[PDB]
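Peer 1: See work.cif below, with mmCIF, N, CA and C atoms.
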data_upload
loop_
_atom_site.group_PDB
_atom_site.id
_atom_site.type_symbol
_atom_site.label_atom_id
_atom_site.label_comp_id
_atom_site.auth_asym_id
_atom_site.auth_seq_id
_atom_site.Cartn_x
_atom_site.Cartn_y
_atom_site.Cartn_z
ATOM 1 N N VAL A 993 326.243 24.820 262.712
ATOM 2 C CA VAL A 993 327.510 25.540 262.795
ATOM 3 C C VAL A 993 328.324 25.065 263.990
ATOM 4 N N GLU A 994 327.686 24.931 265.153
ATOM 5 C CA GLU A 994 328.416 24.525 266.347
ATOM 6 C C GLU A 994 328.821 23.061 266.290
ATOM 7 N N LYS A 995 328.127 22.253 265.490
ATOM 8 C CA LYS A 995 328.641 20.924 265.187
ATOM 9 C C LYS A 995 329.841 21.004 264.251
ATOM 10 N N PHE A 996 329.874 22.006 263.367
ATOM 11 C CA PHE A 996 330.987 22.133 262.431
ATOM 12 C C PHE A 996 332.242 22.703 263.082
ATOM 13 N N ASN A 997 332.100 23.686 263.977
ATOM 14 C CA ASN A 997 333.271 24.334 264.564
ATOM 15 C C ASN A 997 334.100 23.400 265.434
ATOM 16 N N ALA A 998 333.524 22.301 265.909
ATOM 17 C CA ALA A 998 334.233 21.370 266.772
ATOM 18 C C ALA A 998 334.648 20.091 266.064
ATOM 19 N N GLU A 999 334.438 19.987 264.752
ATOM 20 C CA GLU A 999 334.882 18.826 263.990
ATOM 21 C C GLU A 999 335.883 19.190 262.906
ATOM 22 N N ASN A 1000 336.362 20.432 262.887
ATOM 23 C CA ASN A 1000 337.382 20.869 261.942
ATOM 24 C C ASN A 1000 338.246 21.906 262.640
ATOM 25 N N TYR A 1001 339.546 21.629 262.740
ATOM 26 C CA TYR A 1001 340.433 22.510 263.486
ATOM 27 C C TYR A 1001 340.774 23.774 262.706
ATOM 28 N N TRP A 1002 340.943 23.671 261.391
ATOM 29 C CA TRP A 1002 341.400 24.798 260.590
ATOM 30 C C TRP A 1002 340.296 25.421 259.744
ATOM 31 N N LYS A 1003 339.132 24.777 259.649
ATOM 32 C CA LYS A 1003 338.041 25.220 258.783
ATOM 33 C C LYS A 1003 336.822 25.542 259.641
ATOM 34 N N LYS A 1004 336.503 26.831 259.773
ATOM 35 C CA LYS A 1004 335.457 27.310 260.668
ATOM 36 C C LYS A 1004 334.262 27.837 259.881
ATOM 37 N N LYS A 1005 333.125 27.943 260.566
ATOM 38 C CA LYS A 1005 331.902 28.537 260.034
ATOM 39 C C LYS A 1005 331.423 29.652 260.963
ATOM 40 N N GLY A 1006 330.295 30.261 260.614
ATOM 41 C CA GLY A 1006 329.799 31.383 261.392
ATOM 42 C C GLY A 1006 328.412 31.803 260.958
ATOM 43 N N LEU A 1007 327.813 32.669 261.775
ATOM 44 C CA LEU A 1007 326.472 33.188 261.548
ATOM 45 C C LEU A 1007 326.356 34.558 262.201
ATOM 46 N N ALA A 1008 325.566 35.439 261.590
ATOM 47 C CA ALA A 1008 325.340 36.755 262.171
ATOM 48 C C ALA A 1008 324.014 37.309 261.675
ATOM 49 N N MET A 1009 323.500 38.303 262.400
ATOM 50 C CA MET A 1009 322.239 38.949 262.054
ATOM 51 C C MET A 1009 322.280 40.388 262.535
ATOM 52 N N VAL A 1010 321.878 41.314 261.672
ATOM 53 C CA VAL A 1010 321.891 42.738 262.011
ATOM 54 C C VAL A 1010 320.553 43.395 261.683
ATOM 55 N N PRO A 1011 320.131 44.375 262.485
ATOM 56 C CA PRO A 1011 318.926 45.150 262.188
ATOM 57 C C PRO A 1011 319.239 46.428 261.418
ATOM 58 N N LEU A 1012 318.184 47.023 260.861
ATOM 59 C CA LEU A 1012 318.336 48.202 260.017
ATOM 60 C C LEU A 1012 317.165 49.145 260.229
ATOM 61 N N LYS A 1013 317.460 50.331 260.778
ATOM 62 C CA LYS A 1013 316.571 51.491 260.798
ATOM 63 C C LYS A 1013 317.263 52.620 260.048
ATOM 64 N N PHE A 1014 316.806 52.891 258.832
ATOM 65 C CA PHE A 1014 317.427 53.889 257.970
ATOM 66 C C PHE A 1014 316.538 55.119 257.872
ATOM 67 N N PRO A 1015 316.925 56.253 258.446
ATOM 68 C CA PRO A 1015 316.148 57.483 258.258
ATOM 69 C C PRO A 1015 316.339 58.066 256.868
ATOM 70 N N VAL A 1016 315.291 58.716 256.367
ATOM 71 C CA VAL A 1016 315.313 59.372 255.064
ATOM 72 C C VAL A 1016 314.930 60.828 255.270
ATOM 73 N N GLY A 1017 315.819 61.736 254.887
ATOM 74 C CA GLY A 1017 315.542 63.152 255.029
ATOM 75 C C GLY A 1017 316.705 63.967 254.520
ATOM 76 N N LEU A 1018 316.498 65.281 254.484
ATOM 77 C CA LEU A 1018 317.528 66.216 254.051
ATOM 78 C C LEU A 1018 317.740 67.303 255.092
ATOM 79 N N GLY A 1019 318.474 68.348 254.720
ATOM 80 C CA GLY A 1019 318.796 69.428 255.632
ATOM 81 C C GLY A 1019 317.659 70.383 255.936
ATOM 82 N N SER A 1020 317.210 71.137 254.935
ATOM 83 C CA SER A 1020 316.197 72.164 255.122
ATOM 84 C C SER A 1020 315.054 71.946 254.138
ATOM 85 N N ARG A 1021 314.041 72.811 254.232
ATOM 86 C CA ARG A 1021 312.849 72.676 253.398
ATOM 87 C C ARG A 1021 313.173 72.855 251.922
ATOM 88 N N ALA A 1022 314.026 73.822 251.596
ATOM 89 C CA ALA A 1022 314.341 74.150 250.213
ATOM 90 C C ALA A 1022 315.150 73.074 249.508
ATOM 91 N N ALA A 1023 315.468 71.967 250.172
ATOM 92 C CA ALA A 1023 316.212 70.877 249.562
ATOM 93 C C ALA A 1023 315.313 69.809 248.961
ATOM 94 N N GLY A 1024 313.995 69.955 249.073
ATOM 95 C CA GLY A 1024 313.068 69.009 248.490
ATOM 96 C C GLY A 1024 312.244 69.517 247.330
ATOM 97 N N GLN A 1025 312.488 70.735 246.841
ATOM 98 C CA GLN A 1025 311.720 71.264 245.722
ATOM 99 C C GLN A 1025 311.930 70.405 244.488
ATOM 100 N N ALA A 1026 310.840 70.045 243.818
ATOM 101 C CA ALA A 1026 310.939 69.164 242.659
ATOM 102 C C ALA A 1026 309.960 69.613 241.590
ATOM 103 N N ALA A 1027 310.465 69.979 240.414
ATOM 104 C CA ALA A 1027 309.627 70.456 239.324
ATOM 105 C C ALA A 1027 309.496 69.405 238.227
ATOM 106 N N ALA A 1028 308.554 69.646 237.318
ATOM 107 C CA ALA A 1028 308.333 68.774 236.167
ATOM 108 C C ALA A 1028 307.552 69.549 235.119
ATOM 109 N N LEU A 1029 307.401 68.947 233.941
ATOM 110 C CA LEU A 1029 306.714 69.629 232.851
ATOM 111 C C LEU A 1029 306.191 68.615 231.846
ATOM 112 N N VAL A 1030 304.901 68.723 231.515
ATOM 113 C CA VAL A 1030 304.186 67.728 230.722
ATOM 114 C C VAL A 1030 303.495 68.406 229.543
ATOM 115 N N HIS A 1031 303.606 67.784 228.363
ATOM 116 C CA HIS A 1031 302.959 68.213 227.131
ATOM 117 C C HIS A 1031 302.070 67.097 226.611
ATOM 118 N N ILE A 1032 300.923 67.468 226.047
ATOM 119 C CA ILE A 1032 300.068 66.559 225.292
ATOM 120 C C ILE A 1032 299.873 67.150 223.903
ATOM 121 N N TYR A 1033 300.016 66.319 222.874
ATOM 122 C CA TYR A 1033 299.897 66.764 221.493
ATOM 123 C C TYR A 1033 298.523 66.400 220.933
ATOM 124 N N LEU A 1034 298.253 66.877 219.713
ATOM 125 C CA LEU A 1034 296.923 66.737 219.118
ATOM 126 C C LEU A 1034 296.510 65.284 218.971
ATOM 127 N N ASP A 1035 297.382 64.447 218.439
ATOM 128 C CA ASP A 1035 297.173 63.023 218.591
ATOM 129 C C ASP A 1035 297.552 62.667 220.016
ATOM 130 N N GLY A 1036 296.805 61.739 220.603
ATOM 131 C CA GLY A 1036 297.055 61.386 221.983
ATOM 132 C C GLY A 1036 298.443 60.820 222.181
ATOM 133 N N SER A 1037 299.329 61.638 222.747
ATOM 134 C CA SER A 1037 300.725 61.296 222.965
ATOM 135 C C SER A 1037 301.338 62.370 223.844
ATOM 136 N N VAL A 1038 302.184 61.953 224.783
ATOM 137 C CA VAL A 1038 302.602 62.789 225.902
ATOM 138 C C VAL A 1038 304.121 62.860 225.946
ATOM 139 N N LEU A 1039 304.646 64.052 226.230
ATOM 140 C CA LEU A 1039 306.074 64.265 226.435
ATOM 141 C C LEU A 1039 306.294 64.874 227.812
ATOM 142 N N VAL A 1040 307.002 64.155 228.676
ATOM 143 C CA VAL A 1040 307.254 64.573 230.050
ATOM 144 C C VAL A 1040 308.733 64.903 230.201
ATOM 145 N N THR A 1041 309.055 65.749 231.179
ATOM 146 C CA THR A 1041 310.440 65.957 231.586
ATOM 147 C C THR A 1041 310.485 66.483 233.014
ATOM 148 N N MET B 745 293.780 91.298 187.835
ATOM 149 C CA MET B 745 294.947 91.584 188.649
ATOM 150 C C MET B 745 295.812 90.339 188.722
ATOM 151 N N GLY B 746 297.061 90.468 188.276
ATOM 152 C CA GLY B 746 297.971 89.348 188.284
ATOM 153 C C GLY B 746 298.603 89.118 189.639
ATOM 154 N N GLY B 747 299.146 87.915 189.805
ATOM 155 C CA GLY B 747 299.667 87.479 191.085
ATOM 156 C C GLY B 747 300.976 88.112 191.511
ATOM 157 N N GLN B 748 301.750 87.367 192.293
ATOM 158 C CA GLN B 748 303.008 87.861 192.831
ATOM 159 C C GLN B 748 303.855 86.661 193.229
ATOM 160 N N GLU B 749 305.131 86.925 193.495
ATOM 161 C CA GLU B 749 306.025 85.952 194.100
ATOM 162 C C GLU B 749 306.626 86.565 195.352
ATOM 163 N N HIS B 750 306.822 85.725 196.370
ATOM 164 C CA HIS B 750 307.261 86.221 197.669
ATOM 165 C C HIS B 750 308.648 86.844 197.584
ATOM 166 N N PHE B 751 309.603 86.119 196.997
ATOM 167 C CA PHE B 751 311.019 86.499 197.009
ATOM 168 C C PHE B 751 311.504 86.856 198.407
ATOM 169 N N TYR B 752 311.181 85.984 199.354
ATOM 170 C CA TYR B 752 311.958 85.872 200.573
ATOM 171 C C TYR B 752 313.420 85.594 200.253
ATOM 172 N N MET B 753 314.312 86.354 200.892
ATOM 173 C CA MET B 753 315.724 86.319 200.527
ATOM 174 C C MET B 753 316.362 84.980 200.882
ATOM 175 N N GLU B 754 316.116 84.487 202.090
ATOM 176 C CA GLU B 754 316.604 83.166 202.449
ATOM 177 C C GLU B 754 315.755 82.103 201.772
ATOM 178 N N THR B 755 316.410 81.103 201.200
ATOM 179 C CA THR B 755 315.705 80.056 200.485
ATOM 180 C C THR B 755 315.275 78.984 201.490
ATOM 181 N N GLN B 756 314.571 77.964 201.013
ATOM 182 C CA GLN B 756 314.082 76.887 201.872
ATOM 183 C C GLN B 756 315.247 76.013 202.318
ATOM 184 N N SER B 757 315.726 76.238 203.540
ATOM 185 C CA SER B 757 316.795 75.458 204.145
ATOM 186 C C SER B 757 316.251 74.609 205.283
ATOM 187 N N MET B 758 316.686 73.351 205.353
ATOM 188 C CA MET B 758 316.305 72.502 206.475
ATOM 189 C C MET B 758 317.291 71.353 206.630
ATOM 190 N N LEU B 759 317.291 70.762 207.826
ATOM 191 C CA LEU B 759 318.058 69.563 208.127
ATOM 192 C C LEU B 759 317.187 68.619 208.943
ATOM 193 N N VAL B 760 317.290 67.324 208.667
ATOM 194 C CA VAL B 760 316.576 66.299 209.418
ATOM 195 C C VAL B 760 317.599 65.313 209.959
ATOM 196 N N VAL B 761 317.519 65.032 211.255
ATOM 197 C CA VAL B 761 318.473 64.183 211.954
ATOM 198 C C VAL B 761 317.732 63.023 212.606
ATOM 199 N N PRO B 762 317.944 61.786 212.172
ATOM 200 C CA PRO B 762 317.523 60.638 212.983
ATOM 201 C C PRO B 762 318.380 60.497 214.228
ATOM 202 N N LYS B 763 317.859 59.841 215.265
ATOM 203 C CA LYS B 763 318.551 59.708 216.542
ATOM 204 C C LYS B 763 319.170 58.340 216.772
ATOM 205 N N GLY B 764 318.640 57.290 216.158
ATOM 206 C CA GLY B 764 319.156 55.959 216.361
ATOM 207 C C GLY B 764 318.562 55.230 217.541
ATOM 208 N N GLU B 765 317.850 55.932 218.420
ATOM 209 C CA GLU B 765 317.146 55.320 219.535
ATOM 210 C C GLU B 765 315.736 55.882 219.573
ATOM 211 N N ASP B 766 314.753 54.991 219.717
ATOM 212 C CA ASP B 766 313.336 55.331 219.854
ATOM 213 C C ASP B 766 312.765 56.043 218.629
ATOM 214 N N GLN B 767 313.397 55.903 217.461
ATOM 215 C CA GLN B 767 312.933 56.544 216.226
ATOM 216 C C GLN B 767 312.785 58.052 216.383
ATOM 217 N N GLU B 768 313.569 58.652 217.268
ATOM 218 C CA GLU B 768 313.465 60.088 217.474
ATOM 219 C C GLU B 768 314.012 60.829 216.264
ATOM 220 N N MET B 769 313.318 61.894 215.870
ATOM 221 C CA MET B 769 313.628 62.622 214.645
ATOM 222 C C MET B 769 313.659 64.110 214.949
ATOM 223 N N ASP B 770 314.845 64.701 214.941
ATOM 224 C CA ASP B 770 314.948 66.148 215.021
ATOM 225 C C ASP B 770 314.781 66.734 213.629
ATOM 226 N N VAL B 771 314.104 67.874 213.548
ATOM 227 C CA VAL B 771 313.848 68.549 212.284
ATOM 228 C C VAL B 771 314.151 70.021 212.513
ATOM 229 N N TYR B 772 315.329 70.465 212.100
ATOM 230 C CA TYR B 772 315.694 71.872 212.190
ATOM 231 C C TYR B 772 315.292 72.542 210.884
ATOM 232 N N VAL B 773 314.205 73.309 210.903
ATOM 233 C CA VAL B 773 313.648 73.854 209.668
ATOM 234 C C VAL B 773 313.271 75.313 209.877
ATOM 235 N N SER B 774 313.567 76.143 208.881
ATOM 236 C CA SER B 774 313.343 77.586 208.967
ATOM 237 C C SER B 774 311.974 77.950 208.386
ATOM 238 N N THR B 775 310.937 77.397 209.015
ATOM 239 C CA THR B 775 309.558 77.529 208.574
ATOM 240 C C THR B 775 308.808 78.538 209.440
ATOM 241 N N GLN B 776 307.537 78.747 209.105
ATOM 242 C CA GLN B 776 306.651 79.601 209.884
ATOM 243 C C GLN B 776 305.722 78.819 210.794
ATOM 244 N N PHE B 777 305.619 77.507 210.600
ATOM 245 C CA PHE B 777 304.563 76.718 211.231
ATOM 246 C C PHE B 777 305.121 75.345 211.566
ATOM 247 N N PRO B 778 305.795 75.215 212.713
ATOM 248 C CA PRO B 778 306.385 73.920 213.082
ATOM 249 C C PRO B 778 305.371 72.827 213.325
ATOM 250 N N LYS B 779 304.116 73.174 213.620
ATOM 251 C CA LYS B 779 303.114 72.147 213.893
ATOM 252 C C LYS B 779 302.860 71.283 212.665
ATOM 253 N N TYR B 780 302.740 71.910 211.491
ATOM 254 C CA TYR B 780 302.568 71.153 210.256
ATOM 255 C C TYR B 780 303.759 70.256 209.987
ATOM 256 N N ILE B 781 304.971 70.768 210.213
ATOM 257 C CA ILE B 781 306.176 69.990 209.940
ATOM 258 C C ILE B 781 306.192 68.740 210.801
ATOM 259 N N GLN B 782 305.952 68.916 212.100
ATOM 260 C CA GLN B 782 305.916 67.784 213.012
ATOM 261 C C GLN B 782 304.821 66.801 212.623
ATOM 262 N N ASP B 783 303.642 67.315 212.269
ATOM 263 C CA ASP B 783 302.514 66.455 211.926
ATOM 264 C C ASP B 783 302.792 65.651 210.662
ATOM 265 N N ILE B 784 303.301 66.312 209.621
ATOM 266 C CA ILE B 784 303.521 65.636 208.350
ATOM 267 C C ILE B 784 304.661 64.631 208.462
ATOM 268 N N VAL B 785 305.708 64.955 209.228
ATOM 269 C CA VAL B 785 306.793 63.999 209.414
ATOM 270 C C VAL B 785 306.304 62.792 210.199
ATOM 271 N N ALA B 786 305.484 63.021 211.226
ATOM 272 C CA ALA B 786 304.944 61.906 211.991
ATOM 273 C C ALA B 786 304.068 61.012 211.123
ATOM 274 N N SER B 787 303.216 61.611 210.291
ATOM 275 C CA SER B 787 302.328 60.812 209.453
ATOM 276 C C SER B 787 303.098 60.088 208.356
ATOM 277 N N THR B 788 304.171 60.702 207.851
ATOM 278 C CA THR B 788 304.974 60.067 206.811
ATOM 279 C C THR B 788 305.779 58.902 207.364
ATOM 280 N N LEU B 789 306.371 59.074 208.541
ATOM 281 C CA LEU B 789 307.193 58.037 209.146
ATOM 282 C C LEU B 789 306.376 56.965 209.850
ATOM 283 N N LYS B 790 305.056 57.144 209.956
ATOM 284 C CA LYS B 790 304.183 56.293 210.766
ATOM 285 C C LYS B 790 304.682 56.237 212.213
ATOM 286 N N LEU B 791 304.661 57.400 212.855
ATOM 287 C CA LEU B 791 305.152 57.588 214.211
ATOM 288 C C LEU B 791 304.171 58.450 214.989
ATOM 289 N N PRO B 792 304.065 58.245 216.298
ATOM 290 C CA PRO B 792 303.381 59.229 217.136
ATOM 291 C C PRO B 792 304.211 60.494 217.251
ATOM 292 N N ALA B 793 303.521 61.628 217.352
ATOM 293 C CA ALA B 793 304.184 62.922 217.297
ATOM 294 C C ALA B 793 305.126 63.167 218.464
#
Please lay out the structure from this file as structure tokens.

Peer 2:
Amino acid sequence: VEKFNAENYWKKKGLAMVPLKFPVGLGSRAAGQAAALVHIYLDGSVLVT
Amino acid sequence: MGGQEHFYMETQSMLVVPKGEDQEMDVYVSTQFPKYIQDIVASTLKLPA
């Protein structure tokens, strides 16, 4: 890049690097409740929701 | 002793709806025993219940 930036007056290049710390969470306890429901029929076969 | 006829006032009414995706089959039927209906439709269509 630094060889390129000094051999072209109007055409430039560049480089960058950034870190990432992303927290995962919600407000209160009652914001994570998660339900589900599963059925199995007489022949082996399952219905989930 | 001779037999009888039920003479339930409502006659045998039903509707069957294909879904167009995943061979899903709704069966709206005014029966007493939905398990048989589901089983026989599954066996007739060659489908898991």

Peer 1: Around stretch 779-787 of chain B, fit a box with edges along x, y and z, padding it by 3 Å on each side, then list its centre and edge lengths in Å to one decimal as AutoDock Vina command-line options.

Peer 2:
--center_x 304.6 --center_y 66.6 --center_z 211.1 --size_x 10.5 --size_y 19.1 --size_z 11.5

Peer 1: May I ask for the distance between atom CA of residue A:1035 and atom CA of residue B:761, given in Å to one decimal place?

Peer 2: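 Computing it gives 22.3 Å between the two atoms.
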
Peer 1: Give me, please, the distance in Å between atom N of residue A:1029 and atom N of residue B:790, quoted to one decimal.

Peer 2: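 Going from atom N of residue A:1029 over to atom N of residue B:790, I get 26.8 Å.
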
Peer 1: Out of A:1036, A:1041, A:1024, A:1013, which residue has the shortest atom-to-atom distance to chain B when counting all atoms listed in the file?

Peer 2: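 Smallest separation from chain B among the options: A:1036.
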
Peer 1: Considering only N, CA and C atoms, state which residue in the set A:1008, A:1039, A:998, A:1030 is at the smallest distance from chain B.

Peer 2: A:1039
